[PDB]
2 protein chains.
Amino acid sequence: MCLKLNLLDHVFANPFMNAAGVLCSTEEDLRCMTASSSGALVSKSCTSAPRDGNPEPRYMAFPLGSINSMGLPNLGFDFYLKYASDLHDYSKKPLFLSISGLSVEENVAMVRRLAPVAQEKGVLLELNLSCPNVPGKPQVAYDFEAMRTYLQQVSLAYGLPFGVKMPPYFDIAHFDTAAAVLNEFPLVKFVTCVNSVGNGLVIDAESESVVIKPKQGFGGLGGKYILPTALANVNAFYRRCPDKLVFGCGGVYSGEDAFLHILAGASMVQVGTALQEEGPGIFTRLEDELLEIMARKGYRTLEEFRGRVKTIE
Amino acid sequence: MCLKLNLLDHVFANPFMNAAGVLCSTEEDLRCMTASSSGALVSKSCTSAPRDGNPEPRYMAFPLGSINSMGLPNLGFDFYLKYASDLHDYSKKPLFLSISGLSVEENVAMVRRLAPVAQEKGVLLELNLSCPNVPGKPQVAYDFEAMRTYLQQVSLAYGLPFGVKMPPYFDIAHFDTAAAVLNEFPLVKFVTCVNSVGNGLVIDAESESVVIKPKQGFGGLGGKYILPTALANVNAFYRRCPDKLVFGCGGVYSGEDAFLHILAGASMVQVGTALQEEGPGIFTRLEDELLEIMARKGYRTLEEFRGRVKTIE
Ligand SMILES: Cc1cc2nc3c(=O)[nH]c(=O)nc-3n(C[C@H](O)[C@H](O)[C@H](O)COP(=O)(O)O)c2cc1C
Ligand SMILES: Cc1cc2nc3c(=O)[nH]c(=O)nc-3n(C[C@H](O)[C@H](O)[C@H](O)COP(=O)(O)O)c2cc1C
Ligand SMILES: Cc1ccc(CCc2c(C(=O)O)[nH]c(=O)[nH]c2=O)cc1
Ligand SMILES: Cc1ccc(CCc2c(C(=O)O)[nH]c(=O)[nH]c2=O)cc1
């Protein structure tokens, strides 16, 4: 039994990869993720220009998960593009490049440049629809007209299959609306659910203080707090986007957690907080654990159960 | 050292109360909450007509919290109004009555009738703005124009101080907008943050099945999953609504979790999942745990720390 799979015209040794932003920012990080047992990797979301990001401390983890307000620190698009074009060893595993411009125009400019590298090398695009707060307007994926604009413009400019990284939704009407938008774009071939649960607040009782510095301690939540949110969003989009793939992200610490993501509809399973905390060895454990649950159940392939979560009546 | 609060022209022995929907549906429930050491109680969110609610199973709990899609089962308004006007012993503690009409007109009809009982007996209204509204549209509090309509009409029809039960938000733009809507209504004297984290999905690995029957397993999340989200919302509203009280609700299992809520700005602190699981005994434990934290830190009253969460630099 091996967990090998094929999608988006690429072959993957297993469905696991990092979540964007974790262990993917520097050349060192990308080489480490490449040397790991993961089935693929994704680069840190990039802007046209390098960014320092927010002041530290900007990430903290606890037994139940993590909070971050990194501020999109990154080495800039030229760096990730050169990684994709010249440094990445595509014989080891596929590469996804995540883009998160501060405007539609910045995204268009990055994707025009990415396209010939995607054609030549097979790098895959994940377009990150979450961005820093701008007072007076919601994050793009929470503004459906802006989301439709971004996707129209990126689709025209890029002209090749790509995916989108989505924040979680919490309302069935929103799921219906969001999926309807994504279904207008045939080049959107995969949807990644979810980004961190926005603007949580962790407080330390002893010190009576928030635990990250930026945004008065408010940041996105990852980890065990978010698993049922992530599963709901994976399944909602899996149901609503039958001609697309869904990539699951959120709360994966174990092969069991991955199993639940795949039951819900996930093709690839991304690991964020648990990867940040445990390091890249986690990928061998997750593989072993997922194969062990499969063997106990008699499943030989992921296809056998992907999306097969049972409902009651 | 004491847990006493005075607010809304009422006196409370301590800040703890049940969350609406837990241990509050029947006369038996309400008498149980009254006999408990809670500082107050709130009645189950009601509609004009009694409702059976959704098919079972419709609530399930786990180590990290709960999921529910109860479907607003309740004994109807006339019952909760009679409890308030004739049966509740107000010398024991104060009562909140929660309403959750299915249209603005149904809420108006209920509040018009509640008003004389509120004035004469001192029952306090909590209007649930997670009331579903038109199917295919978002819940009312996620539709700011509907929220404004509901609050104009209830304000006119009731004419007395009341409070609102809010869903969590995840985007700073929504904190901004929601709080600005609330701040239009001077009779909204308290804001209860938060209702359940909407439309999560819990999946049982062994059975490969969702765990509740309604909504193909999707329901609202409560408990340990949602404490940082709850704390963020209490603090966001505390900071934005300086002329209103904030009540905290979400993830309280211990005196320490209550202490955090209060550092975030909570006046009263409600308890849902942990009360559902542990029963009314939890209130003595929470009181004891909170007084122990206060004594260690030399705090003699709640006011000494309410809203005093520190931020970094
Ligand atoms: C430190 C940190 C940096 C992150 N940066 C990004 C990013 O650059 N792009 C992105 O799409 N998501 C980013 N995320 C979100 C994750 O990819 C992921 O969606 C989220 O952490 C939830 O998954 P988890 O429960 O496995 O942590 C970041 C998360 C963390 C913790
Ligand atoms: C079984 C159940 C029923 C609920 N019914 C109501 C309701 O009728 N009205 C309401 O405002 N919130 C209701 N809620 C939400 C709770 O009041 C509370 O906001 C939510 O459970 C989060 O708090 P917790 O983490 O302590 O559970 C209900 C929650 C549960 C678990
Ligand atoms: C406040 C904020 C800043 C920047 C982003 C985009 C990058 C990003 C970040 C980040 O770099 O802060 N963290 C996440 O959890 N998800 C993300 O998508 C999202 C929100
Ligand atoms: C789908 C749906 C139906 C009815 C409501 C309002 C009552 C309510 C319920 C409920 O009765 O299902 N559960 C909660 O966690 N919070 C609530 O406010 C909320 C959602």
# chains A, B, ... in the order shown; residues from 1 in each chain; ligands from 1
>>> residues_near_ligand(ligand="ligand 1", cutoff="7 Å", atoms="only C-alpha atoms and all ligand atoms", output="JSON, numbers by chain")
{"A": [19, 20, 21, 22, 44, 45, 59, 66, 67, 68, 70, 72, 98, 128, 165, 194, 195, 196, 221, 222, 223, 224, 226, 227, 249, 250, 251, 252, 270, 271, 272, 273, 274]}
>>> residues_around(residues="residue 181 (chain A)", least_positions_apart="4", cutoff="9 Å", atoms="only C-alpha atoms", output="PyMOL selection string")
chain A and resi 144-145+147-148+151+176-177+185
>>> closest_residue(among="A:216, A:199, A:43, A:54", to="residue 232 (chain B)", atoms="only C-alpha atoms")
A:199
>>> select_by_dssp(residues="region 53-125 of chain B", states="strand (DSSP E)", output="ChimeraX atom specification")
/B:59-62,65-68,95-99,124-125
>>> select_by_dssp(residues="region 9-253 of chain B", states="alpha helix (DSSP H)", output="PyMOL selection string")
chain B and resi 27-35+77-82+104-121+144-158+172-183+227-240
>>> interface_residues(of="chain B", to="chain A", cutoff="7 Å", atoms="only C-alpha atoms", output="VMD selection string")
chain B and resid 136 to 138 170 to 173 197 to 203 205 208 to 210 213 216 to 218 225 to 226 228 to 229 231 to 232 256 260 309 to 312
>>> residues_around(residues="residue 179 (chain B)", least_positions_apart="6", cutoff="7 Å", atoms="only C-alpha atoms", output="ChimeraX atom specification")
/B:237,240-241
>>> write_last_selection(atoms="N, CA and C atoms", output="PDB file, in the first residue's frame")
ATOM      1  N   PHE B 237     -16.022  44.358  20.726  1.00  0.00           N
ATOM      2  CA  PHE B 237     -17.207  45.119  21.077  1.00  0.00           C
ATOM      3  C   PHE B 237     -17.020  45.984  22.294  1.00  0.00           C
ATOM      4  N   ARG B 240     -15.347  48.969  21.086  1.00  0.00           N
ATOM      5  CA  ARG B 240     -16.088  49.797  20.124  1.00  0.00           C
ATOM      6  C   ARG B 240     -17.403  50.347  20.695  1.00  0.00           C
ATOM      7  N   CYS B 241     -17.916  49.783  21.796  1.00  0.00           N
ATOM      8  CA  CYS B 241     -19.233  50.229  22.291  1.00  0.00           C
ATOM      9  C   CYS B 241     -19.110  50.714  23.700  1.00  0.00           C
TER      10      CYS B 241
END
>>> atom_distance(atom1="CA of residue 97 (chain B)", atom2="CA of residue 125 (chain B)")
5.1 Å
>>> closest_residue(among="B:99, B:13, B:108, B:140", to="ligand 2", atoms="only C-alpha atoms and all ligand atoms")
B:99
>>> residues_around(residues="region 77-84 of chain B", least_positions_apart="2", cutoff="8 Å", atoms="only C-alpha atoms", output="NGL selection string")
:B and (27 or 43 or 46-50 or 75 or 86-88 or 95 or 97 or 110 or 114 or 117 or 121 or 123)
>>> write_last_selection(atoms="N, CA and C atoms", output="PDB file, in the first residue's frame")
ATOM      1  N   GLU B  27     -40.078  24.574  32.610  1.00  0.00           N
ATOM      2  CA  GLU B  27     -40.220  25.172  33.925  1.00  0.00           C
ATOM      3  C   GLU B  27     -39.226  24.469  34.888  1.00  0.00           C
ATOM      4  N   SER B  43     -33.810  32.505  29.775  1.00  0.00           N
ATOM      5  CA  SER B  43     -34.716  31.465  29.214  1.00  0.00           C
ATOM      6  C   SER B  43     -34.382  31.117  27.778  1.00  0.00           C
ATOM      7  N   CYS B  46     -37.157  31.984  22.310  1.00  0.00           N
ATOM      8  CA  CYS B  46     -38.508  31.537  21.962  1.00  0.00           C
ATOM      9  C   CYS B  46     -39.064  32.154  20.671  1.00  0.00           C
ATOM     10  N   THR B  47     -40.095  31.486  20.164  1.00  0.00           N
ATOM     11  CA  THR B  47     -40.869  31.958  19.039  1.00  0.00           C
ATOM     12  C   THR B  47     -42.296  32.169  19.524  1.00  0.00           C
ATOM     13  N   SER B  48     -43.136  32.794  18.695  1.00  0.00           N
ATOM     14  CA  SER B  48     -44.510  33.006  19.092  1.00  0.00           C
ATOM     15  C   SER B  48     -45.190  31.689  19.363  1.00  0.00           C
ATOM     16  N   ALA B  49     -45.017  30.738  18.488  1.00  0.00           N
ATOM     17  CA  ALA B  49     -45.656  29.414  18.632  1.00  0.00           C
ATOM     18  C   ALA B  49     -44.599  28.406  19.168  1.00  0.00           C
ATOM     19  N   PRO B  50     -45.052  27.421  19.958  1.00  0.00           N
ATOM     20  CA  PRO B  50     -44.131  26.367  20.383  1.00  0.00           C
ATOM     21  C   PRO B  50     -43.524  25.677  19.173  1.00  0.00           C
ATOM     22  N   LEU B  75     -40.961  26.174  24.182  1.00  0.00           N
ATOM     23  CA  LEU B  75     -42.354  26.041  24.575  1.00  0.00           C
ATOM     24  C   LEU B  75     -43.279  27.184  24.110  1.00  0.00           C
ATOM     25  N   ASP B  86     -45.316  35.410  36.396  1.00  0.00           N
ATOM     26  CA  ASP B  86     -45.999  34.751  37.479  1.00  0.00           C
ATOM     27  C   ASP B  86     -45.131  33.762  38.264  1.00  0.00           C
ATOM     28  N   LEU B  87     -44.114  33.134  37.665  1.00  0.00           N
ATOM     29  CA  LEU B  87     -43.503  31.978  38.313  1.00  0.00           C
ATOM     30  C   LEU B  87     -42.118  32.252  38.834  1.00  0.00           C
ATOM     31  N   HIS B  88     -41.338  33.112  38.187  1.00  0.00           N
ATOM     32  CA  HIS B  88     -39.951  33.307  38.607  1.00  0.00           C
ATOM     33  C   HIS B  88     -39.835  34.024  39.931  1.00  0.00           C
ATOM     34  N   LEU B  95     -33.699  37.454  36.082  1.00  0.00           N
ATOM     35  CA  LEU B  95     -34.046  36.718  34.856  1.00  0.00           C
ATOM     36  C   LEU B  95     -33.886  37.521  33.563  1.00  0.00           C
ATOM     37  N   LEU B  97     -34.973  36.996  29.503  1.00  0.00           N
ATOM     38  CA  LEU B  97     -35.757  36.305  28.544  1.00  0.00           C
ATOM     39  C   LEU B  97     -35.220  36.544  27.141  1.00  0.00           C
ATOM     40  N   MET B 110     -43.838  39.909  19.973  1.00  0.00           N
ATOM     41  CA  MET B 110     -43.395  39.436  21.272  1.00  0.00           C
ATOM     42  C   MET B 110     -42.940  40.560  22.207  1.00  0.00           C
ATOM     43  N   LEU B 114     -44.014  41.691  26.017  1.00  0.00           N
ATOM     44  CA  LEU B 114     -43.030  41.589  27.073  1.00  0.00           C
ATOM     45  C   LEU B 114     -42.924  42.896  27.877  1.00  0.00           C
ATOM     46  N   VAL B 117     -44.390  43.550  31.366  1.00  0.00           N
ATOM     47  CA  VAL B 117     -43.863  42.603  32.336  1.00  0.00           C
ATOM     48  C   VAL B 117     -42.401  43.023  32.703  1.00  0.00           C
ATOM     49  N   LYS B 121     -41.936  43.674  36.539  1.00  0.00           N
ATOM     50  CA  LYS B 121     -41.167  42.616  37.241  1.00  0.00           C
ATOM     51  C   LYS B 121     -39.637  42.725  37.092  1.00  0.00           C
ATOM     52  N   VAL B 123     -37.868  41.646  34.456  1.00  0.00           N
ATOM     53  CA  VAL B 123     -37.266  40.812  33.390  1.00  0.00           C
ATOM     54  C   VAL B 123     -36.546  41.574  32.298  1.00  0.00           C
TER      55      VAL B 123
END
>>> residues_around(residues="residue 23 (chain B)", least_positions_apart="3", cutoff="10 Å", atoms="only C-alpha atoms", output="PyMOL selection string")
chain B and resi 18-20+26-33+41-44+272+275-276+279-280
>>> write_last_selection(atoms="N, CA, C and O atoms", output="short mmCIF file (atom, residue, chain, number, x, y, z; two decimals), in the first residue's frame")
data_model
loop_
_atom_site.label_atom_id
_atom_site.label_comp_id
_atom_site.auth_asym_id
_atom_site.auth_seq_id
_atom_site.Cartn_x
_atom_site.Cartn_y
_atom_site.Cartn_z
N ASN B 18 -26.36 30.79 32.83
CA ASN B 18 -26.36 29.91 31.69
C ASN B 18 -26.34 30.71 30.36
O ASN B 18 -26.65 31.88 30.34
N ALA B 19 -25.89 30.08 29.28
CA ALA B 19 -26.09 30.57 27.95
C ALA B 19 -27.45 30.22 27.45
O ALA B 19 -27.92 29.17 27.75
N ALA B 20 -28.12 31.10 26.69
CA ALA B 20 -29.40 30.75 26.18
C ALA B 20 -29.29 29.43 25.39
O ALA B 20 -28.32 29.20 24.65
N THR B 26 -37.64 24.41 29.89
CA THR B 26 -38.82 24.00 30.60
C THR B 26 -38.91 24.66 31.97
O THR B 26 -37.97 25.20 32.41
N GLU B 27 -40.08 24.57 32.61
CA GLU B 27 -40.22 25.17 33.93
C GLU B 27 -39.23 24.47 34.89
O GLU B 27 -38.56 25.05 35.75
N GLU B 28 -39.16 23.16 34.73
CA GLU B 28 -38.19 22.35 35.50
C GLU B 28 -36.74 22.94 35.34
O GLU B 28 -36.02 23.07 36.32
N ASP B 29 -36.31 23.14 34.11
CA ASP B 29 -35.00 23.74 33.78
C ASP B 29 -34.81 25.07 34.49
O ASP B 29 -33.79 25.32 35.10
N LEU B 30 -35.81 25.94 34.36
CA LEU B 30 -35.69 27.29 34.88
C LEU B 30 -35.66 27.27 36.38
O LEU B 30 -34.92 28.02 36.97
N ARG B 31 -36.44 26.41 37.03
CA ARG B 31 -36.36 26.24 38.47
C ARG B 31 -35.01 25.68 38.94
O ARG B 31 -34.45 26.12 39.95
N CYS B 32 -34.43 24.80 38.15
CA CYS B 32 -33.09 24.29 38.40
C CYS B 32 -32.02 25.37 38.31
O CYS B 32 -31.23 25.57 39.26
N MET B 33 -32.04 26.15 37.24
CA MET B 33 -31.11 27.24 37.15
C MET B 33 -31.34 28.22 38.33
O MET B 33 -30.39 28.75 38.82
N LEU B 41 -30.08 33.86 35.23
CA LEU B 41 -30.44 32.88 34.23
C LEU B 41 -31.11 33.58 33.08
O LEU B 41 -31.68 34.71 33.19
N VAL B 42 -31.04 32.91 31.93
CA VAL B 42 -31.74 33.37 30.70
C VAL B 42 -32.61 32.21 30.23
O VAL B 42 -32.17 31.04 30.26
N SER B 43 -33.81 32.50 29.78
CA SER B 43 -34.72 31.46 29.21
C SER B 43 -34.38 31.12 27.78
O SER B 43 -33.69 31.85 27.09
N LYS B 44 -34.71 29.90 27.38
CA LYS B 44 -34.52 29.45 26.00
C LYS B 44 -35.14 30.45 25.03
O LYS B 44 -36.29 30.81 25.22
N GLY B 272 -22.39 27.69 28.37
CA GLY B 272 -23.21 26.83 27.53
C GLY B 272 -22.72 25.39 27.60
O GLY B 272 -23.16 24.60 28.43
N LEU B 275 -21.73 23.76 30.94
CA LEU B 275 -22.92 23.57 31.77
C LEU B 275 -23.78 22.37 31.27
O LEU B 275 -24.26 21.55 32.08
N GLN B 276 -24.04 22.33 29.97
CA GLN B 276 -24.69 21.15 29.37
C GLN B 276 -24.02 19.86 29.78
O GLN B 276 -24.70 18.87 30.04
N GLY B 279 -23.43 20.05 34.24
CA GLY B 279 -24.61 20.35 35.06
C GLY B 279 -24.42 21.58 35.96
O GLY B 279 -23.34 22.16 36.00
N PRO B 280 -25.45 21.94 36.76
CA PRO B 280 -25.44 23.24 37.46
C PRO B 280 -24.48 23.38 38.58
O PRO B 280 -24.18 24.48 39.07
#
>>> closest_residue(among="A:245, A:164, A:40, A:182", to="ligand 3", atoms="only C-alpha atoms and all ligand atoms")
A:164
>>> atom_distance(atom1="CA of residue 92 (chain B)", atom2="CA of residue 36 (chain B)")
9.7 Å
>>> residues_around(residues="residue 71 (chain A)", least_positions_apart="6", cutoff="8 Å", atoms="only C-alpha atoms", output="list in words")
residues 52, 53, 54 and 132 of chain A
>>> write_last_selection(atoms="C-alpha atoms", output="PDB file, in the first residue's frame")
ATOM      1  CA  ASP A  52       9.486  42.494   6.751  1.00  0.00           C
ATOM      2  CA  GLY A  53       5.982  41.915   8.071  1.00  0.00           C
ATOM      3  CA  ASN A  54       4.798  42.785  11.543  1.00  0.00           C
ATOM      4  CA  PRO A 132      -3.900  42.791   5.731  1.00  0.00           C
TER       5      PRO A 132
END
